[PDB]
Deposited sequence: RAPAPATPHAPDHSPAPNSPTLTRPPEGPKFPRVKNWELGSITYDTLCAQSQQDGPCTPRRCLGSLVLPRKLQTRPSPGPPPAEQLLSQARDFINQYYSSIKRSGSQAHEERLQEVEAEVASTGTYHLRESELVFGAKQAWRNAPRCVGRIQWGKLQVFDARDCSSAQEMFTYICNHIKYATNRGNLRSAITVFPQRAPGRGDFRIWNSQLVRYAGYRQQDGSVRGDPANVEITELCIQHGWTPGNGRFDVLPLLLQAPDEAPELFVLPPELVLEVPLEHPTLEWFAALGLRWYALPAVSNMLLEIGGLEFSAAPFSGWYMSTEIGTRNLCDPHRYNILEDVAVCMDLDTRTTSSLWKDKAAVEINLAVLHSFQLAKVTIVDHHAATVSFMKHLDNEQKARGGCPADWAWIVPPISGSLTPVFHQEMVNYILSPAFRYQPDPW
């Protein structure tokens, strides 16, 4: 029937009835679970999604059945029947953006979901205008290190017309230059975007942390290249509270995590450019970005500096170096007065969020493999909590690369 959901540390049980509201298939079947896969393998419809969303909106303002609610439904209907599409009012877009964050199964930061600044950028007609909105978004969100969550929404997709797109996967990305002796200098995750930039006329650097320009694209136009003003990109030098040699590693990370390659779907409408930002959880930087073998891969370097036995796995040299790197990220962001949350505090807030949502909506869609942090899993409460994963709309979705 409905999933019985148990927490194995406390022995407490809930039941998810929210999943019954899902209208979209995930990748699992009774024959086999594909829950660990990162990406998906691959007018009456629009109208029914539209109506459902308008229903969500009016219920949320506690005015279901009001004349305003009936009129709005007819507007949507008349617009679709005539034009094949429709448009949201700003207040609907604001509600929609918040629900999409709220519904995002892979996000451990959802306790913050109702606090989101929404910039309406739907009156955008050029890449140059896109750039101006983006600079303002960054300036607002960064806020001298007192980070504020925000989203900017660019014009929706229209049939038989190219999309508005930001080609970069994030607003801030460090270059990855592939030197022909096999290796990569910089961030291996951004090799393809770096090359795309150079090809579109960017003068490349040759450092480990060169901030990339943005490639911005208006419909059916070649993308345009814009360099972000260095004073807009707040960055944090990494040092360690006790290990003085750590700063000599020349490591740093940027303050603002702003994803810019995802599609925002609201009521059947699709926003192909809608970058969103919040603040970092430390493990993203300290564990994944710096310690992944296919990223900066600094584990061995830090270990050799800590004079650890690199010869055998059984000395746990990797685990020790990783802890210290995460410590340095936390220490450095704290010294710089830049908002950051550690994985213990984040997962503790998520448990509170699960409980809030259980009372509010009867469940919470969550992807266990993503919610549990990449170091010290079972040391956090979420490890011991069963979760149900399913797709609710409004939603953030992946979409193909524009190139």
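Student: Where does the model have holes with respect to the deposited sequence?
Tutor: Those stretches are 1 to 29, 72 to 82, listed in order.
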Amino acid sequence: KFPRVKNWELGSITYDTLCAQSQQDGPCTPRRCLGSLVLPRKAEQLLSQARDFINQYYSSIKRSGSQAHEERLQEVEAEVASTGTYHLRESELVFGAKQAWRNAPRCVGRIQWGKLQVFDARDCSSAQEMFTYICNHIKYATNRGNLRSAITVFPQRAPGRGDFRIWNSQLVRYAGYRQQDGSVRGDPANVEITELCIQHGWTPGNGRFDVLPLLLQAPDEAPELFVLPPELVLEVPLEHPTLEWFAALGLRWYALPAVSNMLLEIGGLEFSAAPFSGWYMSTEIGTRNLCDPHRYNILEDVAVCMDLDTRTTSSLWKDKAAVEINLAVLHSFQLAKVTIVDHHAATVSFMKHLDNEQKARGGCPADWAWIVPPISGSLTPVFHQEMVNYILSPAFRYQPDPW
From here on, numbers count along this sequence of modelled residues.
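Rigid core here is just the name for the largest C-alpha set that superposes within 1.5 Å across the two forms.
Student: Superpose by the rigid core: which stretch, 369 to 377 or 58 to 66, shows more Cα shift in 9 other deposited structures of this protein?
Tutor: Higher root mean square deviation of C-alphas in 9 other deposited structures of this protein is shown by 58 to 66.
Student: Any chance you could tell me whether 316 to 324 or 180 to 188 drifts more in 9 other deposited structures of this protein, judged by RMS CA distance from this form after superposing on the core?
Tutor: Between 180 to 188 and 316 to 324, the one lying farther away in 9 other deposited structures of this protein is 180 to 188.
Student: Give yes or no for this: do at least a third of the other compared entries, each modelling residues before and after residue 42, lack coordinates for it?
Tutor: Yes, residue 42 lacks coordinates in at least a third of the other entries compared.
Student: Name the higher of the two by mean Cα B-factor in the PDB entry, 216 to 224 versus 104 to 112.
Tutor: Between 216 to 224 and 104 to 112, it is 216 to 224.
Student: Of the two stretches 136 to 144 and 270 to 278, which shows the higher Cα B-factor on average in the entry?
Tutor: So the stretch with the higher mean C-alpha B-factor is 136 to 144.
Student: Determine which member of 241, 257, 286, 155 has the highest CA B-factor, using the values in the deposited entry.
Tutor: Answer, based on the entry's C-alpha B-factors: 241.
Student: Quick one: which of 376, 64, 36, 358 has the biggest Cα B-factor according to the entry?
Tutor: When the deposited C-alpha B-factors of 376, 64, 36, 358 are compared, 64 is largest.
Student: Would you mind checking where the Cα B-factor of residue 12 ranks among the modelled residues of its chain, as the lowest, middle or highest third?
Tutor: Middle third by C-alpha B-factor.
Student: Split into thirds by Cα B-factor across the chain's modelled residues, where does residue 20 land: lowest, middle or highest?
Tutor: Highest third - that is where residue 20 ends up once the chain's C-alpha B-factors are sorted.
Student: Using the B-factor values recorded in the entry, state whether the Cα atom of residue 339 falls in the lowest, middle or highest third among the modelled residues of its chain.
Tutor: Ranked within chain, residue 339 CA B lands in the middle tercile.
Student: Using the temperature factors of the C-alpha atoms in this entry, rank residue 84 within its chain: lowest, middle or highest third.
Tutor: Answer is middle: the recorded C-alpha B-factor places it there.
Student: Of the three thirds of its chain by CA temperature factor, lowest, middle or highest, which one includes residue 328?
Tutor: It belongs to the middle third of the chain when residues are ordered by C-alpha B-factor.
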